[PDB]
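Subsequent text provides structure tokens for two forms of one protein chain, presented individually as structure 1 and structure 2.
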Structure 1
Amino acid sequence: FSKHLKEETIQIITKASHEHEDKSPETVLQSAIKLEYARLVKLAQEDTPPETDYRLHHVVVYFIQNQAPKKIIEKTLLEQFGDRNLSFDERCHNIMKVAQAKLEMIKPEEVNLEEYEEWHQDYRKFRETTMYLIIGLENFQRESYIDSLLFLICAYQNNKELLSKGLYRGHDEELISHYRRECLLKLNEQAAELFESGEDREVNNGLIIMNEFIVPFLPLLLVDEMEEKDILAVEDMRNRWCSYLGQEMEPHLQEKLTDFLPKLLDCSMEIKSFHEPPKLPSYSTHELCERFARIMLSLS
């Protein structure tokens, strides 16, 4: 469904046609599927730099690395060669009709439809998780920590869920953990700087950060005693806000602090924030790959 994929599909069909004297669409389609699978296996096998992730380029690379059933990969490839955008060109039109014909013949014994859809839903979630991560890091790099946090929280949770299904399902946990934690710490420091400002408008914004973002999401860093850097980060944030009470405070500011400080100190009763995830924009595969590369090359 892309210029790159449509042209890659036509190119592989033409290369397939040269493999046998018989040029029937049934013969060519079988050779084209074998050639395309081999092309995607090569991508799946490649050791790539951090800015490139061939799982983002094609669902079948994700399926290979995650050891999806062969018949599920085969049906996915048949759907590629049966796509209506192959319908105009003389080289691919009759192959496309043969692929559409074979898709109808597959029996539920060969491909369970719910299993097929589950695999494609995993890949959809992997792409969504990647975009949450991209936007989270793009905002982090711009020092826009509120937008960064909400997207990184979603990337982190999605990713843990994906990786519960298998090792090749998701993204580097250390990377997302680091930026989720650093984002909370930076946003907390921004809140404290505003709280100290002595300008009522800036103080109010610091308090919005604490009441709307830091206190509600603090439990996320406490869910796992094994995540020691997360636990240490929470203690550092709690220490920062208690330190104001080590000397006399102006009474109005003290009241605003102790309005939220008990909930910062013990968030065990409100582990779920019920906050809605931010919405993702629409995106192409090319855009997903380009933006992933760009943020990986811009890490700070």
Structure 2
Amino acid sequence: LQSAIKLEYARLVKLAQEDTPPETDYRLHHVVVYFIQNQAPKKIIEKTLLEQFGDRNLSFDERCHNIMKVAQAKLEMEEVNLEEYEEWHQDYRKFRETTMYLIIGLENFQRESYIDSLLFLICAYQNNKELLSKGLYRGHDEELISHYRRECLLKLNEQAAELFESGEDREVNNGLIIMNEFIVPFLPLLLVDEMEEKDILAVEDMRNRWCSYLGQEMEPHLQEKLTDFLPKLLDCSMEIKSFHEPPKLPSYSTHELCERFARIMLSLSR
């Protein structure tokens, strides 16, 4: 059947146009769905379909063997544009990893493991902005990732402040280590854009919280600690390293990707 590829392409177009609830994202099921929703050239899509049919070497199924030879025939026929071809498949692999960062970030947020959550959400947010640079359908819901990155910062800040309010030397030092390790270094990320008003207000809310302890009386060696810390939190400088190493992802199957995405989207309460 010289048209099995045309049948399959027409099926994926239909899948690509279906309206689906937030837990279901057929871009995670097939690279060609990602391509269709992102206006990939018809030729990029056909080559991807032909290679999915024609890449194998062996078959025990007469009908599939024949479809394999047909696809290998068309593929063997300047029109290749390999850099464009590799670029689209790299973009899809980045979409899958971005999804996996987001899932682990949201899973840990829901478990209230905010230290583990935060870096995944920050990485997901930044990768997602890089995807959406290239088009509207390249990535994930910006307002959702924006919401959880911001709420995860505020909850970790709450955790650090309540440690500080306890007034014990170990807990104060631990709270200040949280602020200096996980929060202060990423404050510039939430100030980059004046249009992102909720992020601006959240940075101001975190800064007010730590300043309001000036209005409280406490052990003076702790007051010296607060006094050295506050300039760090209130600093005007936007100095931030340009590359950050991403947290480690455990190996995962596409099956895991899709199912864990569905499961966290369905249990999240926002």
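For the two forms, the rigid core is made up of the largest set of C-alpha atoms that agree within 1.5 Å on superposition. By convention here, residues take numbers in order along the sequence of structure 1, the first being 1.
Among the candidates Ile72, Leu222, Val98, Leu185, the CA atom that moves 2 angstroms or more between the two structures after core superposition belongs to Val98 alone. Core-superposed comparison between the two structures: the C-alpha position of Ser273 differs by no less than 2 Å. Once you line up the core between the two structures, the Cα of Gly166 stays within less than 2 Å of where it was. Annotation: Cα of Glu248 displaced by at least 2 Å between the two structures, core superposition. For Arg39, the Cα shift between the two structures is 1.2 Å when the rigid core is held fixed in the overlay. Relative to the superposed rigid core, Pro49 shifts its CA by 0.6 Å between the two structures. The Cα position of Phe88 changes by 4.0 Å between the two structures once both are aligned on the rigid core.
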